[PDB]
C-alpha cells in the first residue's frame, strides 16, 4: 500500500533460501569505523557466522581511529582496511562518505551491505534481512532499513524530503546507516562528503531509477550512541547541504556557527563540504 516496496514484518526467507537465490552473485559487508572500540566486536561477531556462506567477504573500513578499534576488530577475525590502503594514490579526506566510497575499491561483491560499527548488540539477521529484496525481487537496487529518537531524521531530513522530493515521503528512515545495494548502482553514483552520504545516495537512486528500484525492510529494534545536540547541529548542516545540492538549489557553503554559554558565550564554526567524490567507475 506504500508505493515503495515495504516489508513491515519479519522476512520469511531462510538462510538456505537466500543462498540458493544468489545464483553466482557475491555479497560483501563493510563496517565503517571511527573510534568504536566499545561496540565493534559485538557488530563483527553478529555477522561473522555468515562468512563463507551467505556472505563472501567482510571488512572493517577503519576511518582514522586512535582507540583500540583496529586491534579488537582483528581479534574478532575481521580484515581491517585503512582509508589509505583502500585507495593509496589518493590523499584521504575526513568524514563518513569518504570511508564508504573508499570501501568500494577494497571489496568485490556484486552486492554491498553497509552496517554501522556503533550498534549495540545488533540482531544477527540484519544482513539477511537487508539482502532479501535484492536477491528475490526484480529490479530492486537499494534497500534501506527502518526500526523502532532520530532527531535529525524527524526534524530535518523527512520534512525537507516532504518539501522538496515528496515522492520519498514514504521512506521511514532515510538517514539509516544500515543498507544494501548493487555494486553496479554504487559505483555509478557520486558519494557526498561527511554525514551527507546516505541522503545523497537515496535522492540520486530515486532521481535516476524512481521508486521501483528502492525497498525498505523492518529490522525491528536498533541501539547506538546518542550524540550531543551541537554535533547534531553540524551533521544536520551537512545533510541540508547535500540535499539542497541534489535538488538543484545553491547552498552558501558557509558552515554552521554555534554560540556556547559559559551570560557569557563562546563561538565555534563547523566545516561543511560541497564537494562529492565522483562515481567510483571513473577510477578504473
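Positions refer to the first chain, counted from 1. Whichever C-alpha set is largest while still superposing within 1.5 Å between the two forms counts as the rigid core.
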Segment of greater CA departure in 9 other deposited structures of this protein, 40 to 48 or 218 to 226, core superposed: 218 to 226
Missing-residue flag, residue 264, threshold a third of other entries: yes
Between residue 262 and residue 263 - deposited residues without coordinates, as a size class: 4 to 9
Sequence continuity check, residue 148 and residue 149 (deposited residues unmodelled): 10 or more
Comparing 105 to 113 with 132 to 140, the one whose average Cα B-factor in the PDB entry is higher: 132 to 140
Greater mean Cα temperature factor according to the PDB record, 218 to 226 or 231 to 239: 218 to 226
Residue, from 166, 196, 122, 91, that the PDB entry assigns the highest Cα B-factor: 122
Selection by C-alpha B-factor (highest) of 45, 36, 52, 62: 52
Third assignment of residue 26 from its chain's C-alpha B-factors: highest
Residue 161 CA temperature factor, ranked by third within the chain: lowest
CA B-factor ranking of residue 70, expressed as a third of its chain: lowest
Modelled-residue ranking by C-alpha temperature factor, third containing residue 211: highest
Modelled-residue ranking by C-alpha temperature factor, third containing residue 272: lowest
